file data_23.txt (compact mmCIF, C-alpha atoms and all ligand atoms)
# COMPACT_ATOMS: atom_id res chain seq x y z
CA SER A 96 -40.25 -45.61 26.91
CA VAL A 97 -37.46 -43.01 26.62
CA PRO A 98 -33.90 -43.78 25.43
CA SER A 99 -31.20 -42.62 27.84
CA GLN A 100 -29.18 -39.58 26.80
CA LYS A 101 -26.55 -39.81 29.54
CA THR A 102 -23.02 -39.26 28.21
CA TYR A 103 -20.91 -42.38 28.82
CA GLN A 104 -17.37 -42.74 27.50
CA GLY A 105 -17.24 -46.38 28.62
CA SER A 106 -14.26 -48.71 28.52
CA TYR A 107 -13.13 -47.56 25.06
CA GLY A 108 -13.28 -43.84 25.81
CA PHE A 109 -15.96 -43.16 23.21
CA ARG A 110 -16.89 -39.59 22.29
CA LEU A 111 -18.00 -37.50 19.32
CA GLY A 112 -16.31 -34.52 17.78
CA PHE A 113 -16.95 -31.88 15.17
CA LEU A 114 -14.55 -30.07 12.89
CA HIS A 115 -14.64 -26.28 12.75
CA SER A 116 -17.09 -24.29 10.64
CA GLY A 117 -18.41 -20.74 10.71
CA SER A 121 -23.16 -20.34 2.71
CA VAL A 122 -22.65 -23.13 5.29
CA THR A 123 -24.88 -26.16 5.00
CA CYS A 124 -23.95 -27.37 8.49
CA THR A 125 -22.31 -25.87 11.51
CA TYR A 126 -21.76 -27.07 15.06
CA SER A 127 -21.93 -24.84 18.14
CA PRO A 128 -19.85 -26.20 21.07
CA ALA A 129 -21.34 -23.56 23.39
CA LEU A 130 -24.84 -24.92 22.73
CA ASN A 131 -23.74 -28.54 21.92
CA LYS A 132 -25.98 -28.04 18.92
CA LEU A 133 -25.68 -28.92 15.24
CA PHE A 134 -27.42 -26.59 12.76
CA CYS A 135 -27.90 -28.03 9.28
CA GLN A 136 -29.86 -27.71 6.06
CA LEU A 137 -32.33 -30.34 4.90
CA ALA A 138 -30.72 -33.51 3.49
CA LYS A 139 -27.18 -32.15 3.48
CA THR A 140 -24.09 -34.03 4.68
CA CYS A 141 -23.36 -33.69 8.40
CA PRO A 142 -19.90 -35.15 9.16
CA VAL A 143 -19.59 -36.40 12.73
CA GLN A 144 -16.25 -37.61 14.06
CA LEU A 145 -16.01 -40.59 16.40
CA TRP A 146 -13.12 -41.07 18.82
CA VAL A 147 -12.09 -43.98 20.99
CA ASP A 148 -9.08 -44.32 23.26
CA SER A 149 -8.85 -48.06 22.53
CA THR A 150 -10.00 -50.12 19.60
CA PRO A 151 -13.32 -51.89 20.35
CA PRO A 152 -13.92 -55.55 19.32
CA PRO A 153 -14.89 -56.61 15.78
CA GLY A 154 -18.65 -56.43 15.47
CA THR A 155 -18.93 -53.19 17.42
CA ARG A 156 -21.50 -50.85 15.83
CA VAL A 157 -22.54 -47.18 16.01
CA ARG A 158 -26.22 -46.28 16.19
CA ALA A 159 -27.91 -42.89 15.75
CA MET A 160 -31.38 -42.14 17.13
CA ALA A 161 -33.37 -38.91 17.43
CA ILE A 162 -35.50 -38.06 20.47
CA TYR A 163 -37.38 -34.89 21.38
CA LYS A 164 -35.38 -32.75 23.80
CA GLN A 165 -38.33 -31.40 25.81
CA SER A 166 -39.56 -33.72 28.55
CA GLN A 167 -43.22 -33.33 27.58
CA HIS A 168 -42.50 -34.73 24.10
CA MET A 169 -39.88 -37.36 24.97
CA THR A 170 -42.19 -40.37 24.57
CA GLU A 171 -43.18 -39.29 21.04
CA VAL A 172 -41.30 -41.09 18.26
CA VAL A 173 -39.31 -38.70 16.07
CA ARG A 174 -40.27 -39.36 12.47
CA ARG A 175 -40.46 -37.60 9.13
CA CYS A 176 -43.52 -35.42 8.60
CA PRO A 177 -46.45 -36.52 6.36
CA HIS A 178 -45.07 -34.42 3.49
CA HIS A 179 -41.46 -35.56 3.45
CA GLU A 180 -42.22 -39.24 4.07
CA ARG A 181 -44.01 -39.21 0.70
CA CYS A 182 -41.01 -37.75 -1.14
CA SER A 183 -39.48 -39.95 -3.81
CA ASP A 184 -36.06 -39.55 -2.22
CA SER A 185 -35.17 -43.12 -1.25
CA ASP A 186 -31.50 -44.04 -1.38
CA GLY A 187 -32.53 -47.68 -1.75
CA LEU A 188 -31.83 -48.38 1.91
CA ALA A 189 -33.45 -45.84 4.24
CA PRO A 190 -37.17 -46.38 4.86
CA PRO A 191 -39.08 -43.22 3.95
CA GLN A 192 -40.21 -42.53 7.54
CA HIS A 193 -36.71 -42.22 9.02
CA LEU A 194 -35.46 -38.76 9.89
CA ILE A 195 -31.77 -39.71 10.12
CA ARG A 196 -29.91 -41.40 7.26
CA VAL A 197 -26.29 -42.44 6.89
CA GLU A 198 -24.87 -41.60 3.52
CA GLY A 199 -22.00 -43.30 1.75
CA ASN A 200 -22.12 -46.53 3.77
CA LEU A 201 -23.55 -49.63 2.10
CA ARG A 202 -23.54 -51.48 5.45
CA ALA A 203 -26.00 -49.09 7.09
CA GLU A 204 -28.99 -50.87 8.61
CA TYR A 205 -32.25 -49.17 9.55
CA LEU A 206 -34.26 -50.39 12.54
CA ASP A 207 -37.95 -49.92 13.35
CA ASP A 208 -37.99 -51.15 16.94
CA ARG A 209 -40.70 -53.78 17.37
CA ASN A 210 -41.40 -52.72 20.96
CA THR A 211 -40.71 -48.99 21.22
CA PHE A 212 -41.43 -48.09 17.54
CA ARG A 213 -38.35 -45.86 17.50
CA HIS A 214 -36.23 -45.49 14.37
CA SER A 215 -32.46 -45.73 14.27
CA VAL A 216 -29.66 -46.24 11.80
CA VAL A 217 -26.61 -48.33 12.64
CA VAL A 218 -23.28 -48.98 10.89
CA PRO A 219 -20.32 -51.23 11.77
CA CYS A 220 -17.62 -49.40 13.66
CA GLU A 221 -14.34 -49.45 11.76
CA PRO A 222 -10.82 -48.39 12.86
CA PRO A 223 -9.54 -45.03 11.55
CA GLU A 224 -7.49 -44.68 8.34
CA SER A 227 -5.83 -40.93 10.74
CA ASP A 228 -6.86 -40.54 14.38
CA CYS A 229 -10.65 -40.25 13.82
CA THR A 230 -13.52 -42.09 12.20
CA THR A 231 -16.13 -40.02 10.34
CA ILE A 232 -19.81 -40.87 9.76
CA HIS A 233 -21.92 -38.76 7.39
CA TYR A 234 -25.48 -38.19 8.57
CA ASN A 235 -28.44 -36.58 6.76
CA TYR A 236 -31.53 -35.12 8.40
CA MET A 237 -34.53 -35.56 6.12
CA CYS A 238 -37.05 -33.10 7.66
CA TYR A 239 -36.95 -29.51 8.85
CA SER A 240 -37.35 -28.84 12.55
CA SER A 241 -40.32 -26.67 11.61
CA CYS A 242 -42.24 -29.37 9.63
CA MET A 243 -45.83 -29.49 10.79
CA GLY A 244 -47.08 -32.96 11.56
CA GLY A 245 -43.48 -33.97 12.25
CA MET A 246 -41.04 -32.16 14.52
CA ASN A 247 -43.33 -29.07 14.49
CA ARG A 248 -40.60 -26.66 15.74
CA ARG A 249 -39.69 -28.94 18.66
CA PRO A 250 -35.97 -29.36 19.39
CA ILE A 251 -34.44 -32.82 19.05
CA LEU A 252 -31.33 -34.59 20.28
CA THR A 253 -29.35 -37.09 18.26
CA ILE A 254 -28.06 -39.85 20.52
CA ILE A 255 -25.01 -41.72 19.22
CA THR A 256 -24.39 -45.07 20.90
CA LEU A 257 -21.43 -47.36 20.57
CA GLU A 258 -22.79 -50.92 20.87
CA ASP A 259 -21.53 -54.48 20.90
CA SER A 260 -22.78 -57.07 18.44
CA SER A 261 -25.83 -57.80 20.66
CA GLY A 262 -26.77 -54.14 20.95
CA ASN A 263 -25.48 -53.74 24.51
CA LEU A 264 -24.28 -50.27 25.44
CA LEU A 265 -20.54 -49.55 25.21
CA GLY A 266 -20.60 -45.76 24.99
CA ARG A 267 -22.92 -42.84 24.40
CA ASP A 268 -22.75 -39.19 23.41
CA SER A 269 -25.30 -36.74 22.03
CA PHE A 270 -25.97 -33.33 20.50
CA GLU A 271 -28.98 -31.14 19.81
CA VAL A 272 -29.99 -30.62 16.15
CA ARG A 273 -31.82 -27.85 14.37
CA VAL A 274 -32.64 -28.56 10.73
CA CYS A 275 -33.24 -25.20 9.09
CA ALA A 276 -32.79 -23.17 5.89
CA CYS A 277 -30.12 -20.82 7.34
CA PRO A 278 -27.87 -22.77 9.76
CA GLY A 279 -25.13 -20.13 10.07
CA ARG A 280 -27.57 -17.33 10.89
CA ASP A 281 -29.56 -19.46 13.33
CA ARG A 282 -26.36 -20.51 15.13
CA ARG A 283 -25.30 -16.88 15.52
CA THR A 284 -28.77 -15.93 16.83
CA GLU A 285 -28.89 -18.72 19.41
CA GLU A 286 -25.31 -18.09 20.59
CA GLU A 287 -26.17 -14.42 21.00
CA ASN A 288 -29.22 -15.37 23.10
CA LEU A 289 -27.00 -17.56 25.30
CA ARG A 290 -24.62 -14.60 25.68
CA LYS A 291 -27.48 -12.25 26.68
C1 LIG B 301 -21.02 -29.37 8.53
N1 LIG B 301 -21.20 -29.25 9.85
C2 LIG B 301 -20.14 -29.38 10.64
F1 LIG B 301 -20.36 -29.24 11.96
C3 LIG B 301 -18.85 -29.63 10.13
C4 LIG B 301 -17.74 -29.80 11.02
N2 LIG B 301 -16.86 -29.99 11.74
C5 LIG B 301 -18.69 -29.76 8.75
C6 LIG B 301 -19.80 -29.60 7.97
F2 LIG B 301 -19.71 -29.71 6.62
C1 LIG B 302 -39.88 -34.25 -1.42
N1 LIG B 302 -39.44 -34.91 -2.49
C2 LIG B 302 -39.09 -34.20 -3.58
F1 LIG B 302 -38.64 -34.88 -4.65
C3 LIG B 302 -39.19 -32.80 -3.63
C4 LIG B 302 -38.79 -32.11 -4.83
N2 LIG B 302 -38.52 -31.55 -5.81
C5 LIG B 302 -39.65 -32.13 -2.49
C6 LIG B 302 -40.00 -32.88 -1.40
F2 LIG B 302 -40.46 -32.26 -0.27
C1 LIG B 303 -15.30 -47.44 15.88
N1 LIG B 303 -14.67 -48.59 15.65
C2 LIG B 303 -13.34 -48.61 15.81
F1 LIG B 303 -12.72 -49.77 15.58
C3 LIG B 303 -12.61 -47.48 16.20
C4 LIG B 303 -11.18 -47.60 16.40
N2 LIG B 303 -10.04 -47.68 16.49
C5 LIG B 303 -13.30 -46.29 16.42
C6 LIG B 303 -14.65 -46.29 16.27
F2 LIG B 303 -15.37 -45.15 16.48
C1 LIG B 304 -10.78 -37.21 16.06
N1 LIG B 304 -12.07 -37.50 16.26
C2 LIG B 304 -12.62 -37.17 17.43
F1 LIG B 304 -13.91 -37.49 17.61
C3 LIG B 304 -11.90 -36.54 18.45
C4 LIG B 304 -12.58 -36.24 19.68
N2 LIG B 304 -13.11 -36.05 20.68
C5 LIG B 304 -10.55 -36.25 18.24
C6 LIG B 304 -10.02 -36.60 17.02
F2 LIG B 304 -8.73 -36.35 16.75
ZN ZN B 305 -40.84 -32.63 6.81

call {"tool": "encode", "arguments": {"input": "data_23.txt", "output": "structure tokens", "more": "lines below"}}
Ligand SMILES: *c1nc(F)c(C#N)cc1F
Ligand SMILES: *c1nc(F)c(C#N)cc1F
Ligand SMILES: *c1nc(F)c(C#N)cc1F
Ligand SMILES: *c1nc(F)c(C#N)cc1F
Ligand SMILES: [Zn+2]
result
Amino acid sequence: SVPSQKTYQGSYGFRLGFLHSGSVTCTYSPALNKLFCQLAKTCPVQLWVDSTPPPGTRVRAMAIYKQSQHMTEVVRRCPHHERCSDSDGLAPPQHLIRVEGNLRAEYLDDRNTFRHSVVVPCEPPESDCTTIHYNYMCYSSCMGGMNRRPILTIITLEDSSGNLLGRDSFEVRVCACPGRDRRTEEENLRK
């Protein structure tokens, strides 16, 4: 089974956004639709809707491998990092993606597909945007985990039953030098 990655604004006009960045622990490339971040550092992601969704609407994040030959493999923390004593009290140690600073985050191990995801209630903005803070708890290069394979994060807006209301996505590289790696990959896209 493979989760869909098709962008879908839906009835509420749902989409993601990133603030600008160029020392950096996280930086987003619009040209590559790709977030570059350090291990276990805050990644702020903005959520936009055109219209306020109903109470009980939630926002779920899930990682999948980007390459088609790995898409059925569950993205999980590597054998090293899953044994770290780095629990926040809520995230199970196998989950790559955490939400920080939200006590209502729930973590799902899907009983059928075995995929991991983290979901929070969707709340109205303060402002014009809602921000969620994600952490990525493994490097892209971790052997026995992502093993240098690219991943996508899929962000879904869902009703209280889990039915799809909206979807957006971005590629992620978790690496020691996000600013340098962004500049290298944007230069490759240029040439
Ligand atoms: C890290 N990464 C980003 F993409 C942003 C933005 N916008 C902020 C940050 F700290
Ligand atoms: C996992 N957990 C830790 F606590 C450390 C340290 N120090 C490293 C690690 F990979
Ligand atoms: C989630 N939930 C909401 F209520 C809004 C609004 N308004 C945005 C969102 F991303
Ligand atoms: C705040 N948050 C967002 F996600 C967008 C977009 N797209 C715009 C905004 F002002
Ligand atoms: Zn790891």

call {"tool": "closest_residue", "arguments": {"input": "data_23.txt", "among": "A:179, A:233, A:164, A:214", "to": "residue A:199", "atoms": "only C-alpha atoms"}}
result
A:233

call {"tool": "atom_distance", "arguments": {"input": "data_23.txt", "atom1": "atom CA of residue A:113", "atom2": "atom CA of residue A:134"}}
result
12.0 Å

call {"tool": "residues_near_ligand", "arguments": {"input": "data_23.txt", "ligand": "ligand ZN 305 (chain B)", "cutoff": "10 Å", "atoms": "only C-alpha atoms and all ligand atoms", "output": "PyMOL selection string"}}
result
chain A and resi 137+174-182+192+194+236-247+274

call {"tool": "write_last_selection", "arguments": {"input": "data_23.txt", "atoms": "C-alpha atoms", "output": "PDB file, keeping the file's coordinate frame"}}
result
ATOM      1  CA  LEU A 137     -32.330 -30.340   4.900  1.00  0.00           C
ATOM      2  CA  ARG A 174     -40.270 -39.360  12.470  1.00  0.00           C
ATOM      3  CA  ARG A 175     -40.460 -37.600   9.130  1.00  0.00           C
ATOM      4  CA  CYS A 176     -43.520 -35.420   8.600  1.00  0.00           C
ATOM      5  CA  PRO A 177     -46.450 -36.520   6.360  1.00  0.00           C
ATOM      6  CA  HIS A 178     -45.070 -34.420   3.490  1.00  0.00           C
ATOM      7  CA  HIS A 179     -41.460 -35.560   3.450  1.00  0.00           C
ATOM      8  CA  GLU A 180     -42.220 -39.240   4.070  1.00  0.00           C
ATOM      9  CA  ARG A 181     -44.010 -39.210   0.700  1.00  0.00           C
ATOM     10  CA  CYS A 182     -41.010 -37.750  -1.140  1.00  0.00           C
ATOM     11  CA  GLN A 192     -40.210 -42.530   7.540  1.00  0.00           C
ATOM     12  CA  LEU A 194     -35.460 -38.760   9.890  1.00  0.00           C
ATOM     13  CA  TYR A 236     -31.530 -35.120   8.400  1.00  0.00           C
ATOM     14  CA  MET A 237     -34.530 -35.560   6.120  1.00  0.00           C
ATOM     15  CA  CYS A 238     -37.050 -33.100   7.660  1.00  0.00           C
ATOM     16  CA  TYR A 239     -36.950 -29.510   8.850  1.00  0.00           C
ATOM     17  CA  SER A 240     -37.350 -28.840  12.550  1.00  0.00           C
ATOM     18  CA  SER A 241     -40.320 -26.670  11.610  1.00  0.00           C
ATOM     19  CA  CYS A 242     -42.240 -29.370   9.630  1.00  0.00           C
ATOM     20  CA  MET A 243     -45.830 -29.490  10.790  1.00  0.00           C
ATOM     21  CA  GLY A 244     -47.080 -32.960  11.560  1.00  0.00           C
ATOM     22  CA  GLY A 245     -43.480 -33.970  12.250  1.00  0.00           C
ATOM     23  CA  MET A 246     -41.040 -32.160  14.520  1.00  0.00           C
ATOM     24  CA  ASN A 247     -43.330 -29.070  14.490  1.00  0.00           C
ATOM     25  CA  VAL A 274     -32.640 -28.560  10.730  1.00  0.00           C
TER      26      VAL A 274
END

call {"tool": "residues_around", "arguments": {"input": "data_23.txt", "residues": "residue A:202", "least_positions_apart": "4", "cutoff": "9 Å", "atoms": "all atoms listed in the file", "output": "PyMOL selection string"}}
result
chain A and resi 217-219

call {"tool": "residues_near_ligand", "arguments": {"input": "data_23.txt", "ligand": "ligand LIG 303 (chain B)", "cutoff": "8 Å", "atoms": "all atoms listed in the file", "output": "count of residues only"}}
result
22

call {"tool": "residues_near_ligand", "arguments": {"input": "data_23.txt", "ligand": "ligand LIG 301 (chain B)", "cutoff": "12 Å", "atoms": "all atoms listed in the file", "output": "number ranges by chain"}}
result
A: 111-117, 121-128, 131-145, 231-236, 270-274, 278-279, 282

call {"tool": "atom_distance", "arguments": {"input": "data_23.txt", "atom1": "atom CA of residue A:188", "atom2": "atom CA of residue A:256"}}
result
20.7 Å
